[PDB]
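*Asks:* 3D model of this:
(chains A and B)
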Amino acid sequence: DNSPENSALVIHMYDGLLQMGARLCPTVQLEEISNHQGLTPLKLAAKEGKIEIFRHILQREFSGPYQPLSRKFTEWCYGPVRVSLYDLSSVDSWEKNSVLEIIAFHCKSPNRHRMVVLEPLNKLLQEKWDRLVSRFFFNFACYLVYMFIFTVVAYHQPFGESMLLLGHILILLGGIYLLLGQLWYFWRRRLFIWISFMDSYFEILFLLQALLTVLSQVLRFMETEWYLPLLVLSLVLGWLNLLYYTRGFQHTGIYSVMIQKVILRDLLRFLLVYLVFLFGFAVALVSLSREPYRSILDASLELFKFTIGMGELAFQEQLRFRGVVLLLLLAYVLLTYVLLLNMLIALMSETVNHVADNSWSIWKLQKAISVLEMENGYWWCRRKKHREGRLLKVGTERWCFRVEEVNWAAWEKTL
Amino acid sequence: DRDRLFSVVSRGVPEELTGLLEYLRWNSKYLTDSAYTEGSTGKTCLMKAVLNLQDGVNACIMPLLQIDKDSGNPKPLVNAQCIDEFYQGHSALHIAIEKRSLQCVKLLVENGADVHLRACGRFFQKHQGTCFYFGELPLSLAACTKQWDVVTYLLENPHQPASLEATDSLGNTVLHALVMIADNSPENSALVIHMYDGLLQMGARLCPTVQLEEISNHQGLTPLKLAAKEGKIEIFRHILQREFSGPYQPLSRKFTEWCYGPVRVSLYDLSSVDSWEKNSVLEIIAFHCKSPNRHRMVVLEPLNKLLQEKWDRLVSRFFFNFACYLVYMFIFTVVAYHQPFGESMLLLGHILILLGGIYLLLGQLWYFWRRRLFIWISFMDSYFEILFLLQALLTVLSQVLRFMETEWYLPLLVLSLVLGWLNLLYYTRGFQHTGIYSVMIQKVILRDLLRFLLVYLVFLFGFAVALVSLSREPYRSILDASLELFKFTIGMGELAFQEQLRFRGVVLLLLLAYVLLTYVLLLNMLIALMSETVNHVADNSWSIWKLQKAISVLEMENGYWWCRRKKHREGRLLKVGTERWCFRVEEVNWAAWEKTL
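*Replies:* Numbers count the residues shown, from 1 in each chain, chains lettered A, B, ... in the order given. Take a look at the structure below.
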């Protein structure tokens, strides 16, 4: 457990058992045994969200006869700077079900954004991101060019005929490409969408957009006009998808945006309440109208348009019983004002209590997910095989990773 | 390498086996000039020997004497790493000092060690890799590591003494190095203050003729000016007001004259004064400094009173300039309004407007020439200087367009009118408006304007394109639809897209989607803005107002561009023998008086 006393007790017992097992049985390695799920103790700790024991296992050092069973080997320290040599087997390359892959996709605890900031994983992810930012921006540019072509073709379609036909063919090809890519992604990552829809909804939207545009092209070949609406949708949604790329050119994303995006767990209840209000009052009003307003849809749309300031009520005219229609309208207006005020207060209560100034960790987690996904390469041509090379083997026979730390506080406290 | 792997026998007699093996290679007596220095790429045997630290007393004296008794020409210490990899001149004496081994450095300086030669650890570039900066000198390294014994041995070393005024490649001295590594944490501040005072006293004792605090680096900054520029408030404050009783009285900056009760009359020291000195402490704090702490540095005891006196002197000219600008604005407004005997009045008004525009343009051009870097560093509290300039430029252009007999002067002139009135708000800081911390909160949140503007532009120009695409079977223009949606957003118009358009069920969906998205965006804006006022109370509007007044008085002490003011008079208070231009300040502290008895 994350409580300090439980963490201390479990750490002490873990180290004692490891040392005793090394002393009695020096030939067997107890930390390489996997359960029926195929998880070692380190991977299990990463998956279950136990941050304290996971961190302790990740960076532990022993001096003396217990040196071999250590994961961090301090090489040399000058001043407040220390050059340590951490150990791998938590690396994406050459290994399936890595620690980083489990943290990003399989883990579901709220602490997963605080686990990517640990010392070896931080530098590993930073190096991978610095390597792959070029492909990230190349993909951005390709999508932007596709969107410009799509917008121009849609706008200029009320020598030129050949250009329009070529544009339509390219739009169909791009839609097919995006559809296939998103289908492959959803095939590979079925469970991640269910676990963590909060930070993976864009993968849905893209797919949807692709599907829509493909359908539109089909409707253009059947000589029906109904292609025009769908295509228009496929336009606007596409532009919104560009916002997905705001995470590559250094936009933190703000903690407040996360606050609103997580408050939408309360959308269902408020939506149900508002729907009950709207479809009770509309039915009452159309019942008074009988002696047109025959449709429930007409009255509901009129009230909804008034609510968002898009129209006027205009129910006050005639209707004979003009003293009751007024009462119903005022009751509806007051109730919806109360509901909106309740929405606002419920939303705002979080920002005045939980400061949680940790946008950097969330941005790092987003970058980690992006680089993990794009290391596999494109669906039509899988990338070159994941090279295990992170740093040369050190005898300490172990694939290691050199990290440099600076700590003025620790240097000043010691003497 | 080879010697290291042959020196793996720690216990026993390792002093003689290496000597027997080495001698003079037993075959090349005179070939050791260059064939000896090839064991590694810079890590010589001596560095490994002093880096071992395997035993309590490492075997280092006798091998050094053995090499000294037979080799006199090949100095090993003078050789340094010529390759960027594996340090760039890191001598073994630095390792000896920093491993807290007085014996090792003592034995090294017994024979052949050259102190204060070079370290090239990190100055500006080249040697990098999150390295350690300590002034790249052995004495500076000893001082920064809190090693009094090493420093004491180095200063009065009988063999080779180390000068305390030595400068490194960057021009810094030991005091500059202590200033650079300073941090606002209490323990770091206490350590650096103690080391600074100890070094100052020791330098006074050993060398009473030199003054270490008047030495400037390549940038021309003394330790006090460097501390002011780098934003290290603690050491800057300690240096600003320090007093010593006894033989160390002369090297003090504050001299308490007389105290009655809770009131004390102290006599602070200058050389932080604007007048008679270029690159003063106040000038550096106001313009060159960029740390967030600059608004907390102007409230210190001598600077506060100095700035208050200067403001009390120059408020008259401040309000005179205000009155002149107000009169100019009234003339401009009347001339613009009454232009659909009188002809002569209108011509005179136009001539005066042209002259005022030229005057303002020249003044702002002079200001921008003098203060190029300040605009880039601190645009947050200096944007008015831009606006004025812009306005001036505009009005001048308008006058030109009036002489070409084109009507296009009328729009520009109108702009030059409205902007001018807004510029009057600049003068609200003179007649005692604090400005409110909340206004600063909004003015600093506009760092987030670019992201929200990009998001809103994407929304608007996606939805407008979709709507005009549906309109085709007028609304032909993207600009028309974008303007219509934008006008609806700010409550300036109505949508009116619901009429006809055949596909009336999709236009409605697009409009509702746009409205909901823009409401969500505005709510996000509001929550992001308001989150700061409920967490950071920061009730320090007085300091920000003092900083604004300081910038204003600093700028206006120079006088007008057409006639520079009378030369800055050094006179702040008469010279006191304590021969030093001083400044008398009176403090009252009931808490300190009550605590003491």
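*Asks:* what does the stretch 1-150 of chain A have sitting close to chain B?
*Replies:* Neighbours of chain B within the stretch 1-150 of chain A, by C-beta under 8 Å from any C-beta of the partner chain: A:78-81. All C-beta atoms are positioned from the backbone trio N, CA, C, and that covers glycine.
*Asks:* SS state for the closest residue to chain B within the stretch 101-250 of chain A?
*Replies:* Closest contact between the stretch 101-250 of chain A and chain B, by C-beta to the nearest C-beta, is at residue A:239 (3.4 Å). The local conformation at residue A:239, judged by DSSP: H, G, I helix; E, B strand; the rest coil, is helix.
*Asks:* got it, and residue A:52?
*Replies:* Secondary structure, three-state DSSP: residue A:52 is helix.
*Asks:* returning to that earlier point: among the residues of the stretch 1-150 of chain A next to chain B, give me the pair with the biggest separation.
*Replies:* Within the residues of the stretch 1-150 of chain A next to chain B, A:78 and A:80 form the most distant pair, 8.3 Å apart (C-beta to C-beta).
*Asks:* Mind listing residues that contact stretch A:77-88?
*Replies:* Outside stretch A:77-88, the residues that touch it by C-beta atoms under 8 Å, 6 or more residues apart in numbering or on different chains are A:58-59, A:71-76, A:119-120, A:390, A:394, A:396, A:398-408, A:410-412, B:98, B:130-132, B:134, B:145.
*Asks:* And the longest strand along chain A, what does it pack against?
*Replies:* Ordering each strand of chain A by length in residues (DSSP state E) puts strand A:398-406 first. If contacts are counted by 3 or more C-beta pairs under 8 Å, 6 or more residues apart in numbering or on different chains; DSSP states H and E, strand A:398-406 sits against strand A:81-87, helix A:119-155, strand A:393-394.
*Asks:* what pairs with the last one, and is each one parallel or antiparallel?
*Replies:* Right, strand A:393-394. Paired neighbours of strand A:393-394 in the sheet (DSSP bridges): strand A:398-406 (antiparallel).
*Asks:* Helix or strand next in line after the partner strand, which one?
*Replies:* Tracing the chain C-terminally past strand A:398-406 and defining elements by DSSP states H and E, one meets helix A:408-413 next.
*Asks:* Okay, buried residues for that following helix please.
*Replies:* residue A:411 (16 or more other C-beta atoms under 10 Å in any protein chain shown).
*Asks:* Can you get me a residue count around the nearest residue to residue A:244 once chain neighbours are set aside?
*Replies:* Nearest residue to residue A:244 in three dimensions, chain neighbours excluded: residue A:202, at 4.7 Å (C-beta to C-beta, 6 or more residues apart in numbering or on different chains). When neighbours are counted by other C-beta atoms under 10 Å in any protein chain shown, residue A:202 registers 14.
*Asks:* Can you show me the helices along the stretch 301-415 of chain A?
*Replies:* Secondary structure of the stretch 301-415 of chain A (DSSP state H, counting those that start in this stretch): helices located at A:322-348, A:359-374, A:408-413.
*Asks:* does the first one come close to chain B?
*Replies:* I take that to be helix A:322-348. Yes. Contact of helix A:322-348 with chain B (C-beta under 8 Å from any C-beta) involves A:347-348.
*Asks:* Which neighbouring elements make contact with that helix?
*Replies:* helix A:255-263, helix A:267-289, helix B:504-530.
*Asks:* mind redoing it with 6 Å?
*Replies:* With contacts defined as 3 or more C-beta pairs under 6 Å, 6 or more residues apart in numbering or on different chains; DSSP states H and E, helix A:322-348 has these neighbours: helix A:267-289.
*Asks:* Show me which residues of the stretch 251-400 of chain A sit near chain B.
*Replies:* Listed as neighbours of chain B in the stretch 251-400 of chain A under the rule C-beta under 6 Å from any C-beta of the partner chain: A:254, A:256, A:260, A:308, A:351-352, A:355.
*Asks:* can you put these in TSV and add neighbour count?
*Replies:* What follows is these, written out as TSV (neighbours: other C-beta atoms under 10 Å in any protein chain shown):
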residue	neighbour count
A:254	18
A:256	21
A:260	17
A:308	12
A:351	19
A:352	12
A:355	11
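*Asks:* Farthest-apart pair in these, please.
*Replies:* Farthest pair in those, by C-beta to C-beta: A:308 and A:355, 32.6 Å.
*Asks:* deepest of the helices of the stretch 301-415 of chain A, which one?
*Replies:* Compared across those, helix A:359-374 shows the largest average neighbour count, a mean of 18 (mean count of other C-beta atoms under 10 Å in any protein chain shown).
*Asks:* ok, residues contacting that helix?
*Replies:* Under the criterion C-beta atoms under 6 Å, 6 or more residues apart in numbering or on different chains, residues A:104, A:113-114, A:116-117, A:125, A:128-129, A:132, A:247, A:252, A:255 lie in contact with helix A:359-374.
*Asks:* what's the angle between that helix and helix A:202-221?
*Replies:* 50 degrees (axes from the mean of the first three to the mean of the last three C-alpha atoms, to 10 degrees).
*Asks:* now the angle from helix A:359-374 to helix A:160-188?
*Replies:* 100 degrees.
*Asks:* Report the angle between helix A:359-374 and helix A:255-263.
*Replies:* Going by the same axes, to 10 degrees, helix A:359-374 makes 70 degrees with helix A:255-263.
*Asks:* and helix A:359-374 with helix A:119-155, angle?
*Replies:* Here the directions of helix A:359-374 and helix A:119-155 differ by 70 degrees (the same axes, to 10 degrees).
*Asks:* As a markdown table, the helices and strands packed on strand A:398-406 with mean neighbour count would be great.
*Replies:* What follows is the helices and strands packed on strand A:398-406, written out as a markdown table (neighbours: other C-beta under 10 Å):
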| stretch | mean neighbour count |
| --- | --- |
| strand A:81-87 | 18 |
| helix A:119-155 | 15 |
| strand A:393-394 | 12 |
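*Asks:* thinking again about what came up before, give the buried residues for the longest strand of chain A.
*Replies:* For strand A:398-406, by 16+ other C-beta under 10 Å, it's A:399-401, A:403.
*Asks:* which residues sit against it?
*Replies:* With C-beta under 6 Å, 6+ apart as the test, strand A:398-406 has contacts from A:80-88, A:119-120, A:123, A:390-391, A:393-394, B:130.
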